[PDB]
>>> print(open('target-v4.cif').read())   # mmCIF, C-alpha atoms
data_final
#
loop_
_atom_site.group_PDB
_atom_site.id
_atom_site.type_symbol
_atom_site.label_atom_id
_atom_site.label_comp_id
_atom_site.auth_asym_id
_atom_site.auth_seq_id
_atom_site.Cartn_x
_atom_site.Cartn_y
_atom_site.Cartn_z
ATOM 1 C CA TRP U 1 -17.140 12.046 38.517
ATOM 2 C CA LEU U 2 -20.676 12.345 37.196
ATOM 3 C CA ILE U 3 -23.080 12.631 40.119
ATOM 4 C CA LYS U 4 -25.627 9.907 40.837
ATOM 5 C CA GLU U 5 -28.255 11.993 39.034
ATOM 6 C CA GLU U 6 -26.151 12.103 35.863
ATOM 7 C CA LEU U 7 -25.483 8.369 36.118
ATOM 8 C CA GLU U 8 -29.212 7.697 36.530
ATOM 9 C CA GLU U 9 -29.952 9.843 33.481
ATOM 10 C CA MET U 10 -27.371 7.924 31.449
ATOM 11 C CA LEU U 11 -28.557 4.491 32.629
ATOM 12 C CA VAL U 12 -32.319 5.259 32.497
ATOM 13 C CA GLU U 13 -32.405 3.274 35.751
ATOM 14 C CA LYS U 14 -32.971 4.224 39.371
ATOM 15 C CA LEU U 15 -29.925 3.702 41.586
ATOM 16 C CA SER U 16 -29.016 3.675 45.260
ATOM 17 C CA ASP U 17 -26.155 5.670 46.729
ATOM 18 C CA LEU U 18 -24.442 2.384 47.611
ATOM 19 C CA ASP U 19 -24.669 1.133 44.016
ATOM 20 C CA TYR U 20 -23.303 4.435 42.728
ATOM 21 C CA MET U 21 -20.448 4.315 45.248
ATOM 22 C CA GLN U 22 -19.580 0.759 44.204
ATOM 23 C CA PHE U 23 -19.538 1.820 40.553
ATOM 24 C CA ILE U 24 -17.369 4.860 41.309
ATOM 25 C CA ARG U 25 -14.920 2.731 43.298
ATOM 26 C CA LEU U 26 -14.691 0.302 40.384
ATOM 27 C CA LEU U 27 -14.040 3.211 38.010
ATOM 28 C CA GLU U 28 -11.340 4.539 40.342
ATOM 29 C CA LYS U 29 -9.679 1.120 40.345
ATOM 30 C CA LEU U 30 -9.883 1.018 36.544
ATOM 31 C CA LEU U 31 -8.230 4.424 36.177
ATOM 32 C CA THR U 32 -5.543 3.596 38.750
ATOM 33 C CA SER U 33 -4.814 0.301 36.952
ATOM 34 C CA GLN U 34 -2.692 2.151 34.297
ATOM 35 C CA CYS U 35 -5.164 1.416 31.528
ATOM 36 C CA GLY U 36 -4.986 2.046 27.787
ATOM 37 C CA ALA U 37 -6.457 4.742 25.579
ATOM 38 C CA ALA U 38 -9.643 2.772 24.877
ATOM 39 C CA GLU U 39 -10.332 2.393 28.595
ATOM 40 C CA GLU U 40 -9.496 6.055 29.240
ATOM 41 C CA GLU U 41 -11.915 7.256 26.554
ATOM 42 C CA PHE U 42 -14.531 4.851 27.917
ATOM 43 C CA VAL U 43 -14.053 6.417 31.360
ATOM 44 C CA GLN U 44 -14.360 9.887 29.827
ATOM 45 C CA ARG U 45 -18.017 8.965 29.301
ATOM 46 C CA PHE U 46 -18.296 9.174 33.102
ATOM 47 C CA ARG U 47 -15.742 11.901 33.834
ATOM 48 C CA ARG U 48 -17.143 15.433 34.055
ATOM 49 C CA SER U 49 -15.127 18.622 33.646
ATOM 50 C CA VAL U 50 -15.507 21.118 36.482
ATOM 51 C CA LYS U 51 -8.467 34.763 40.242
ATOM 52 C CA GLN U 52 -9.286 38.469 40.335
ATOM 53 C CA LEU U 53 -10.126 40.476 37.219
ATOM 54 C CA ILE U 54 -8.181 43.696 36.674
ATOM 55 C CA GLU U 55 -9.734 46.950 35.510
ATOM 56 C CA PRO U 56 -8.150 48.608 32.453
ATOM 57 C CA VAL U 57 -5.931 51.643 32.899
ATOM 58 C CA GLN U 58 -7.277 54.858 31.371
ATOM 59 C CA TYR U 59 -5.783 58.290 30.687
ATOM 60 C CA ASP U 60 -7.094 61.640 31.921
ATOM 61 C CA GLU U 61 -7.196 64.947 30.026
ATOM 62 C CA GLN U 62 -3.480 65.475 30.661
ATOM 63 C CA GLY U 63 -2.965 61.859 29.584
ATOM 64 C CA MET U 64 -1.847 60.867 33.075
ATOM 65 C CA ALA U 65 -2.796 57.309 33.920
ATOM 66 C CA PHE U 66 -5.511 56.180 36.318
ATOM 67 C CA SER U 67 -7.872 53.316 37.102
ATOM 68 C CA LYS U 68 -11.516 53.257 38.179
ATOM 69 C CA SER U 69 -13.404 50.809 40.379
ATOM 70 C CA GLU U 70 -16.530 50.421 42.493
ATOM 71 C CA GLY U 71 -17.410 48.619 45.703
ATOM 72 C CA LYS U 72 -20.169 48.188 48.250
ATOM 73 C CA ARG U 73 -20.338 47.502 51.980
ATOM 74 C CA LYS U 74 -23.536 47.234 54.034
ATOM 75 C CA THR U 75 -25.742 49.920 52.411
ATOM 76 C CA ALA U 76 -22.710 52.011 51.429
ATOM 77 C CA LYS U 77 -21.581 52.251 47.805
ATOM 78 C CA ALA U 78 -18.331 53.885 46.697
ATOM 79 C CA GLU U 79 -16.481 54.487 43.439
ATOM 80 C CA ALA U 80 -12.750 55.192 43.450
ATOM 81 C CA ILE U 81 -10.356 56.676 40.895
ATOM 82 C CA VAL U 82 -6.719 55.840 41.670
ATOM 83 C CA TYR U 83 -4.073 57.754 39.710
ATOM 84 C CA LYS U 84 -0.676 56.301 38.839
ATOM 85 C CA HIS U 85 1.273 59.047 40.630
ATOM 86 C CA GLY U 86 0.663 61.275 43.614
ATOM 87 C CA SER U 87 1.523 62.067 47.220
ATOM 88 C CA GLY U 88 -0.965 59.729 48.908
ATOM 89 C CA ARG U 89 -3.689 62.390 48.883
ATOM 90 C CA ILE U 90 -7.176 60.859 48.999
ATOM 91 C CA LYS U 91 -10.162 63.144 48.393
ATOM 92 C CA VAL U 92 -13.542 61.662 49.340
ATOM 93 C CA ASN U 93 -16.468 63.640 47.913
ATOM 94 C CA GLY U 94 -13.911 66.382 47.307
ATOM 95 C CA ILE U 95 -12.888 66.413 50.986
ATOM 96 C CA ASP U 96 -9.506 65.191 52.177
ATOM 97 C CA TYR U 97 -9.716 61.874 53.988
ATOM 98 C CA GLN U 98 -8.351 63.248 57.263
ATOM 99 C CA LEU U 99 -11.365 65.586 57.411
ATOM 100 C CA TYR U 100 -13.969 63.225 55.941
ATOM 101 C CA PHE U 101 -13.094 60.388 58.370
ATOM 102 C CA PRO U 102 -12.248 61.838 61.801
ATOM 103 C CA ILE U 103 -12.049 58.267 63.131
ATOM 104 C CA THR U 104 -8.551 56.792 63.150
ATOM 105 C CA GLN U 105 -10.134 53.367 62.623
ATOM 106 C CA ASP U 106 -11.641 54.457 59.303
ATOM 107 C CA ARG U 107 -8.391 56.177 58.341
ATOM 108 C CA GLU U 108 -6.585 52.887 59.010
ATOM 109 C CA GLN U 109 -9.146 51.121 56.831
ATOM 110 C CA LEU U 110 -8.323 53.572 54.045
ATOM 111 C CA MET U 111 -4.598 53.001 54.615
ATOM 112 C CA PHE U 112 -4.799 49.217 54.589
ATOM 113 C CA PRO U 113 -4.429 48.456 50.830
ATOM 114 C CA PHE U 114 -1.557 50.836 50.120
ATOM 115 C CA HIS U 115 0.254 49.709 53.264
ATOM 116 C CA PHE U 116 -0.268 46.098 52.199
ATOM 117 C CA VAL U 117 1.264 46.674 48.757
ATOM 118 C CA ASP U 118 3.956 49.067 50.075
ATOM 119 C CA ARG U 119 2.623 52.142 48.262
ATOM 120 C CA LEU U 120 1.953 54.644 51.050
ATOM 121 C CA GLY U 121 2.126 58.001 49.290
ATOM 122 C CA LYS U 122 2.736 56.573 45.803
ATOM 123 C CA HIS U 123 -0.744 57.416 44.456
ATOM 124 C CA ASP U 124 -3.495 60.002 44.647
ATOM 125 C CA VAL U 125 -7.140 58.981 44.817
ATOM 126 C CA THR U 126 -10.559 60.572 44.341
ATOM 127 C CA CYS U 127 -13.507 58.643 45.763
ATOM 128 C CA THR U 128 -17.255 59.248 45.842
ATOM 129 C CA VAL U 129 -19.273 57.345 48.442
ATOM 130 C CA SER U 130 -22.891 57.333 49.571
ATOM 131 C CA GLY U 131 -25.166 55.435 51.920
ATOM 132 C CA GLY U 132 -24.281 53.484 55.047
ATOM 133 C CA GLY U 133 -22.476 54.915 58.058
ATOM 134 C CA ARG U 134 -18.893 55.994 58.593
ATOM 135 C CA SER U 135 -17.536 52.449 58.900
ATOM 136 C CA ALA U 136 -19.560 51.141 55.954
ATOM 137 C CA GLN U 137 -18.327 54.019 53.796
ATOM 138 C CA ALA U 138 -14.743 53.396 54.903
ATOM 139 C CA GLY U 139 -15.006 49.720 53.990
ATOM 140 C CA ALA U 140 -16.602 50.442 50.621
ATOM 141 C CA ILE U 141 -13.911 53.003 49.799
ATOM 142 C CA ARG U 142 -11.234 50.519 50.863
ATOM 143 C CA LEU U 143 -12.670 47.879 48.535
ATOM 144 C CA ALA U 144 -12.975 50.284 45.604
ATOM 145 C CA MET U 145 -9.449 51.629 46.091
ATOM 146 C CA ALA U 146 -8.010 48.113 46.306
ATOM 147 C CA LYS U 147 -9.814 47.028 43.143
ATOM 148 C CA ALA U 148 -8.516 50.114 41.327
ATOM 149 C CA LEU U 149 -4.985 49.589 42.668
ATOM 150 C CA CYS U 150 -5.095 46.096 41.175
ATOM 151 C CA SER U 151 -4.854 47.915 37.832
ATOM 152 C CA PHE U 152 -1.327 49.033 38.801
ATOM 153 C CA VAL U 153 0.163 46.463 41.180
ATOM 154 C CA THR U 154 1.724 43.317 39.737
ATOM 155 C CA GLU U 155 -0.229 40.074 39.451
ATOM 156 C CA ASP U 156 1.625 38.604 42.428
ATOM 157 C CA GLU U 157 0.595 41.638 44.476
ATOM 158 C CA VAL U 158 -2.991 41.302 43.227
ATOM 159 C CA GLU U 159 -3.140 37.661 44.298
ATOM 160 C CA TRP U 160 -1.597 38.544 47.663
ATOM 161 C CA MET U 161 -4.202 41.283 48.121
ATOM 162 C CA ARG U 162 -6.986 38.817 47.348
ATOM 163 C CA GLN U 163 -5.523 36.336 49.831
ATOM 164 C CA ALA U 164 -5.423 39.150 52.392
ATOM 165 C CA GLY U 165 -9.091 39.832 51.631
ATOM 166 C CA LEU U 166 -8.868 43.310 50.095
ATOM 167 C CA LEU U 167 -10.801 42.270 46.960
ATOM 168 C CA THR U 168 -13.767 40.337 48.407
ATOM 169 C CA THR U 169 -17.078 42.174 48.738
ATOM 170 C CA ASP U 170 -18.127 41.602 52.344
ATOM 171 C CA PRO U 171 -21.525 39.886 51.942
ATOM 172 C CA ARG U 172 -22.342 40.515 55.612
ATOM 173 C CA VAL U 173 -25.374 42.826 55.570
ATOM 174 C CA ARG U 174 -28.173 43.539 58.012
ATOM 175 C CA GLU U 175 -30.564 40.652 58.645
ATOM 176 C CA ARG U 176 -34.290 41.330 58.468
ATOM 177 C CA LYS U 177 -36.273 41.290 61.687
ATOM 178 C CA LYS U 178 -38.645 38.334 61.832
ATOM 179 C CA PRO U 179 -42.212 38.579 63.179
ATOM 180 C CA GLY U 180 -42.705 37.370 66.728
ATOM 181 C CA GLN U 181 -39.102 38.023 67.795
ATOM 182 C CA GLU U 182 -37.237 41.118 68.932
ATOM 183 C CA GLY U 183 -34.678 41.122 66.125
ATOM 184 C CA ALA U 184 -32.909 38.954 63.576
ATOM 185 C CA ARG U 185 -32.285 36.279 66.226
ATOM 186 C CA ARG U 186 -33.307 37.744 69.614
ATOM 187 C CA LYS U 187 -36.484 35.895 70.558
ATOM 188 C CA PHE U 188 -38.839 37.413 73.103
ATOM 189 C CA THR U 189 -38.225 36.591 76.751
ATOM 190 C CA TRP U 190 -39.727 33.131 77.169
ATOM 191 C CA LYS U 191 -42.546 33.627 79.657
ATOM 192 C CA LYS U 192 -43.280 31.144 82.438
ATOM 193 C CA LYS E 1 4.721 -18.323 110.744
ATOM 194 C CA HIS E 2 6.401 -18.057 107.334
ATOM 195 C CA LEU E 3 9.696 -16.493 106.336
ATOM 196 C CA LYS E 4 9.064 -12.833 105.571
ATOM 197 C CA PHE E 5 10.045 -10.950 102.408
ATOM 198 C CA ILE E 6 9.691 -14.031 100.189
ATOM 199 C CA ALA E 7 5.958 -13.983 99.396
ATOM 200 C CA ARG E 8 4.514 -11.319 97.098
ATOM 201 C CA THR E 9 7.913 -9.594 97.080
ATOM 202 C CA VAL E 10 9.178 -7.761 93.987
ATOM 203 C CA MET E 11 12.629 -6.209 93.672
ATOM 204 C CA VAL E 12 12.428 -2.811 91.975
ATOM 205 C CA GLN E 13 14.867 -2.719 89.060
ATOM 206 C CA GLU E 14 17.034 0.411 88.901
ATOM 207 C CA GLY E 15 14.592 2.344 91.083
ATOM 208 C CA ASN E 16 11.569 2.313 88.741
ATOM 209 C CA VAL E 17 9.128 1.796 91.590
ATOM 210 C CA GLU E 18 6.303 2.536 89.152
ATOM 211 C CA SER E 19 7.214 -0.460 86.992
ATOM 212 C CA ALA E 20 7.878 -2.633 90.045
ATOM 213 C CA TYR E 21 4.480 -1.810 91.556
ATOM 214 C CA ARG E 22 2.739 -2.409 88.231
ATOM 215 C CA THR E 23 4.423 -5.814 87.930
ATOM 216 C CA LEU E 24 3.435 -6.712 91.498
ATOM 217 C CA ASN E 25 -0.155 -5.653 90.820
ATOM 218 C CA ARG E 26 -0.130 -7.781 87.669
ATOM 219 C CA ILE E 27 1.105 -10.773 89.670
ATOM 220 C CA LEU E 28 -1.588 -10.354 92.320
ATOM 221 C CA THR E 29 -4.297 -9.813 89.694
ATOM 222 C CA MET E 30 -3.282 -12.941 87.777
ATOM 223 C CA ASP E 31 -3.282 -14.927 91.019
ATOM 224 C CA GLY E 32 -6.708 -13.425 91.758
ATOM 225 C CA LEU E 33 -5.774 -11.958 95.140
ATOM 226 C CA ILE E 34 -7.144 -8.499 94.297
ATOM 227 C CA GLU E 35 -10.582 -9.876 93.438
ATOM 228 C CA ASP E 36 -10.442 -12.115 96.504
ATOM 229 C CA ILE E 37 -9.796 -9.159 98.818
ATOM 230 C CA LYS E 38 -12.421 -6.990 97.132
ATOM 231 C CA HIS E 39 -15.068 -9.693 97.519
ATOM 232 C CA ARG E 40 -13.972 -10.682 101.043
ATOM 233 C CA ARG E 41 -14.370 -7.103 102.291
ATOM 234 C CA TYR E 42 -18.084 -7.842 102.762
ATOM 235 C CA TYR E 43 -19.518 -11.311 103.274
ATOM 236 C CA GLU E 44 -20.842 -12.895 100.082
ATOM 237 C CA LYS E 45 -23.738 -15.120 101.085
ATOM 238 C CA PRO E 46 -23.321 -18.654 99.689
ATOM 239 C CA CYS E 47 -26.261 -18.366 97.285
ATOM 240 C CA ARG E 48 -24.925 -15.087 95.893
ATOM 241 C CA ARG E 49 -21.425 -16.558 95.623
ATOM 242 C CA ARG E 50 -22.791 -19.542 93.698
ATOM 243 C CA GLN E 51 -24.755 -17.257 91.381
ATOM 244 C CA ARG E 52 -21.697 -15.084 90.745
ATOM 245 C CA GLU E 53 -19.516 -18.119 90.045
ATOM 246 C CA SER E 54 -22.088 -19.488 87.602
ATOM 247 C CA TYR E 55 -22.353 -16.115 85.864
ATOM 248 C CA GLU E 56 -18.565 -15.802 85.646
ATOM 249 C CA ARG E 57 -18.236 -19.304 84.200
ATOM 250 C CA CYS E 58 -20.927 -18.628 81.593
ATOM 251 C CA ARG E 59 -19.274 -15.308 80.725
ATOM 252 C CA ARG E 60 -15.904 -17.040 80.400
ATOM 253 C CA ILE E 61 -17.348 -19.700 78.099
ATOM 254 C CA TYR E 62 -19.078 -17.132 75.899
ATOM 255 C CA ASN E 63 -16.094 -14.775 75.734
ATOM 256 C CA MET E 64 -13.635 -17.574 74.963
ATOM 257 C CA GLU E 65 -15.855 -18.924 72.188
ATOM 258 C CA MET E 66 -16.373 -15.425 70.771
ATOM 259 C CA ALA E 67 -12.615 -14.803 70.815
ATOM 260 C CA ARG E 68 -12.052 -18.135 69.069
ATOM 261 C CA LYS E 69 -14.549 -17.149 66.376
ATOM 262 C CA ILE E 70 -13.003 -13.690 65.999
ATOM 263 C CA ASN E 71 -9.522 -15.154 65.564
ATOM 264 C CA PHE E 72 -10.829 -17.822 63.183
ATOM 265 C CA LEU E 73 -12.538 -15.213 60.984
ATOM 266 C CA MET E 74 -9.739 -12.626 61.232
ATOM 267 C CA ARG E 75 -8.119 -14.016 58.079
ATOM 268 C CA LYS E 76 -11.314 -13.109 56.194
ATOM 269 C CA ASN E 77 -10.796 -9.406 56.975
ATOM 270 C CA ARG E 78 -8.673 -9.162 53.813
ATOM 271 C CA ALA E 79 -9.667 -6.784 51.040
ATOM 272 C CA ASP E 80 -12.388 -8.038 48.723
ATOM 273 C CA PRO E 81 -10.812 -10.029 45.852
ATOM 274 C CA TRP E 82 -13.924 -10.065 43.644
ATOM 275 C CA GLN E 83 -14.581 -6.315 43.692
ATOM 276 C CA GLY E 84 -16.980 -5.353 40.919
ATOM 277 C CA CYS E 85 -19.160 -8.454 41.311
#
>>> encode(input="target-v4.cif", output="structure tokens")
Amino acid sequence: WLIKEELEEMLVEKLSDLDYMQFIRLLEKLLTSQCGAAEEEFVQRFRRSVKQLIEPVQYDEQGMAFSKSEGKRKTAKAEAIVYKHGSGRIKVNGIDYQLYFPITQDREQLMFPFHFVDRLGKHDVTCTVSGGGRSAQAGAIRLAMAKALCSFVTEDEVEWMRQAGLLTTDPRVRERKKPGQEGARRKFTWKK
Amino acid sequence: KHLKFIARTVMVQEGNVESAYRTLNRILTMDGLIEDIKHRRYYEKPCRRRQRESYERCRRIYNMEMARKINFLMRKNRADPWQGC
């Protein structure tokens, strides 16, 4: 339904929220009354019209298929190339993941998308990451790899991945320190 | 000097002592014995008793009239017939 501002613009008259609510209730009753085409088109004067995108598969020098994607987490930024076939080998900055991420937590973060879509070992990946710490880089690589994998997994799997949260860029970033307080929210010890 | 187990006596039906006690309490409350005991615990000086009785009577009048008005107007709680006007 057109908002009170739109209704005011149409009626060149100031309105109160109560008046607008009364009018909207009357319109709802009209529509529910099983009206005719003339009434429906009259109501259309007041009615107001209100998924993940998949990267395109490409082919390497040997013609073997791959997909490319990018992602960011905290200050970290990563770009991932996921090939259609492989033994699960992931090379970050040219270093195998088990050596680039000594932390089992970050290795689990890398694992998460493939494990979700039941593809452990079914692809090889080459990722380049920069900025942020170990965990930020792991998250960024996870996001990039998931976005690339969307190029291969079915649409049902893509939607399931989105619902699991593998394809949402985590907006949570550091909050600026404010003057007169210790940190983003830690105020100074109230003196007495 | 009265025959015992006739006054204020309730027979519990099928062992539901909870229901029997609640019914007995209802009987005593309706007869006003609970309020009588609660007030008689401490002496209520005659002036205070008169003031309380007057206040209770005024409260009863007001509440009964308000309930009458509420019941009388209840029928007008229906949905608005002239919606849109």
>>> resolve_selection(input="target-v4.cif", expression="the PyMOL selection byres ((chain U) within 8 of (chain E))", output="CSV table (one decimal) with C-alpha atoms, in the frame of the given file")
chain,number,residue,atom,x,y,z
U,22,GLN,CA,-19.6,0.8,44.2
U,23,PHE,CA,-19.5,1.8,40.6
U,26,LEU,CA,-14.7,0.3,40.4
>>> residues_around(input="target-v4.cif", residues="residue 167 (chain U)", least_positions_apart="2", cutoff="7 Å", atoms="only C-alpha atoms", output="list in words")
residues 143, 146, 147, 161, 162, 165 and 169 of chain U
>>> resolve_selection(input="target-v4.cif", expression="the PyMOL selection byres ((chain U and resi 126) around 6)", output="number ranges by chain")
U: 80-81, 90-92, 125, 127
>>> atom_distance(input="target-v4.cif", atom1="CA of residue 15 (chain E)", atom2="CA of residue 32 (chain E)")
26.5 Å
>>> residues_around(input="target-v4.cif", residues="residue 4 (chain U)", least_positions_apart="6", cutoff="12 Å", atoms="only C-alpha atoms", output="PDB file with C-alpha atoms, keeping the file's coordinate frame")
ATOM      1  CA  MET U  10     -27.371   7.924  31.449  1.00  0.00           C
ATOM      2  CA  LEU U  11     -28.557   4.491  32.629  1.00  0.00           C
ATOM      3  CA  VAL U  12     -32.319   5.259  32.497  1.00  0.00           C
ATOM      4  CA  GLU U  13     -32.405   3.274  35.751  1.00  0.00           C
ATOM      5  CA  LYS U  14     -32.971   4.224  39.371  1.00  0.00           C
ATOM      6  CA  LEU U  15     -29.925   3.702  41.586  1.00  0.00           C
ATOM      7  CA  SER U  16     -29.016   3.675  45.260  1.00  0.00           C
ATOM      8  CA  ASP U  17     -26.155   5.670  46.729  1.00  0.00           C
ATOM      9  CA  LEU U  18     -24.442   2.384  47.611  1.00  0.00           C
ATOM     10  CA  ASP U  19     -24.669   1.133  44.016  1.00  0.00           C
ATOM     11  CA  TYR U  20     -23.303   4.435  42.728  1.00  0.00           C
ATOM     12  CA  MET U  21     -20.448   4.315  45.248  1.00  0.00           C
ATOM     13  CA  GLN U  22     -19.580   0.759  44.204  1.00  0.00           C
ATOM     14  CA  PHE U  23     -19.538   1.820  40.553  1.00  0.00           C
ATOM     15  CA  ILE U  24     -17.369   4.860  41.309  1.00  0.00           C
ATOM     16  CA  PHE U  46     -18.296   9.174  33.102  1.00  0.00           C
TER      17      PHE U  46
END
>>> atom_distance(input="target-v4.cif", atom1="CA of residue 58 (chain U)", atom2="CA of residue 154 (chain U)")
16.9 Å
>>> residues_around(input="target-v4.cif", residues="region 28-31 of chain U", least_positions_apart="5", cutoff="9 Å", atoms="all atoms listed in the file", output="JSON list (two decimals) with C-alpha atoms, in the coordinates of the input")
[["chain", "number", "residue", "atom", "x", "y", "z"],
["U", 23, "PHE", "CA", -19.54, 1.82, 40.55],
["U", 39, "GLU", "CA", -10.33, 2.39, 28.60],
["U", 40, "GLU", "CA", -9.50, 6.06, 29.24],
["U", 43, "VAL", "CA", -14.05, 6.42, 31.36]]
>>> closest_residue(input="target-v4.cif", among="U:113, U:36, U:139, U:179", to="residue 153 (chain U)", atoms="all atoms listed in the file")
U:113
>>> atom_distance(input="target-v4.cif", atom1="CA of residue 175 (chain U)", atom2="CA of residue 73 (chain U)")
14.0 Å
